[PDB]
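This report refers to the structure that appears directly beneath it.
Please treat every number below as a calculation from the coordinates, not as lab data. Cβ: placed from backbone, ideal geometry, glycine included. Neighbour counts: every protein chain shown.
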Amino acid sequence: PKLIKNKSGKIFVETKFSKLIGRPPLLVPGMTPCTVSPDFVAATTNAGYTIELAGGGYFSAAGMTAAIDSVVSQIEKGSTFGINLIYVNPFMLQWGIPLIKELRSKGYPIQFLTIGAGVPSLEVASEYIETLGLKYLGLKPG
Amino acid sequence: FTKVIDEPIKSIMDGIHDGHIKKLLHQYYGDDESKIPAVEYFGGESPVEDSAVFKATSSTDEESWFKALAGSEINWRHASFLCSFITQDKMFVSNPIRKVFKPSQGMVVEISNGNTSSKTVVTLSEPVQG
């Protein structure tokens, strides 16, 4: 680990993850129902730390789209955030992965997708990595 | 470690980050912030000459071409030629700079004042009417 300062003099903890995300190497993981709230996700993003909007409190692409639009409206220009999805419920993935792909195609500031409660198979992970077009893929191995 | 109530997440995360910063500064930088390396902007790094002329061909590697165009020093040129996405009004879209400067036969890029970021100019020429 190393310290690095940008032009403004903001001291970052230079790390691999920090170097990739352009932010401190500290993130708020997807938490049902804590990060479900768009307000908390937007507040963490404004604070300048990575956060995952949890899908566990969302059951339809419409509800997720409304929450993501709320996050986008509340955050500043150029900000970004991730989305956390649960792998144990196939319905969650079935409605969420096409939504993430559509929002990324629209250009939404979805930095990353995290998969918790299971690691996808190789084919599914390749499908996510290729189709979704995110900056990085989070996986929570047990 | 969950004792204080209603402490804003900004405060909590800044506390953790500042703790890490001060401890790293004491251990690996000797309490001196002047020893911290300085860059224009911090981010976009994948985990994996004042006057220059570059010529693209069918066989050139896109990554090497873009790295050469960006240069070593961290600056707006670095961001222009290596940043994958640019920020719209509130959206993220593919970097127009990279897609415009995508290497192809006949493309010639002349970089002048590469050392000086403020005065740096990148002129790209292609065969037009021969």
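Figures for the structure shown
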| read-out | value |
| --- | --- |
| Charge sum, other residues only, whose C-beta stays under 12 Å from residue B:85's C-beta, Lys/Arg counted +1 and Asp/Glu -1 | +4 |
| Dipole-positive endmost among A:32, A:124, A:110 within chain A (Cβ charges, Cα centre) | A:110 |
| 10 °C / 1.306 mPa s Stokes-Einstein diffusion coefficient of the protein assembly as shown, Kirkwood radius on C-alpha pairs, µm²/s | 76 µm²/s |
| Segment A:90-138: C-alpha gyration tensor shape, a/c 1.5 cut-off, then a/b vs b/c | prolate |
| Overall Cα dimensions of chain B, principal axis frame, Å, largest first | 73, 35, 28 |
| Counted charge near residue A:77, where neighbours are those whose Cβ lies closer than 14 Å (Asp, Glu -1; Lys, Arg +1) | -1 |
| Cα gyration tensor shape of segment A:20-142, rounded if a/c is under 1.5, else prolate or oblate by comparing a/b with b/c | rounded |
| Rounded if a/c under 1.5, otherwise prolate or oblate - segment B:90-130, Cα gyration tensor axes | oblate |
| Residue among A:110, A:100, A:11 with the largest mean-square fluctuation in a Gaussian network model of chain A, springs linking Cα atoms under 10 Å | A:11 |
| Span-like helix ranges in chain A, DSSP H, alpha carbon extent 18 angstrom or more, Kyte mean at least 0.5 | A:61-74 |
| Rounded to the nearest 20 debye, dipole of the protein assembly as shown from Cβ charges on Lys, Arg, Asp, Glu | 120 debye |
| Dimensions (Å) - segment B:57-130, Cα atoms, principal axes, largest first | 41, 28, 24 |
| For chain B, size of Cβ-based charge dipole, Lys and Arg +1, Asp and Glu -1, in debye | 280 debye |
| Test item: Cα-centred dipole of segment A:1-126, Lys/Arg +1 and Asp/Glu -1 on Cβ, debye | 640 debye |
| Within a Gaussian network of chain A (alpha carbon springs, distance under 10 Å), most fluctuating of A:78, A:56, A:48 | A:78 |
| Partners for residue B:23 among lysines (Cα-Cα distance below 28 Å; same-chain residues under 8 apart left out) | A:2, A:5, A:7, A:10, A:16, A:19, B:3, B:10, B:35 |
| For residue B:53, net neighbour charge (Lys/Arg +1, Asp/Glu -1) across residues whose Cβ lies under 15 Å away | -3 |
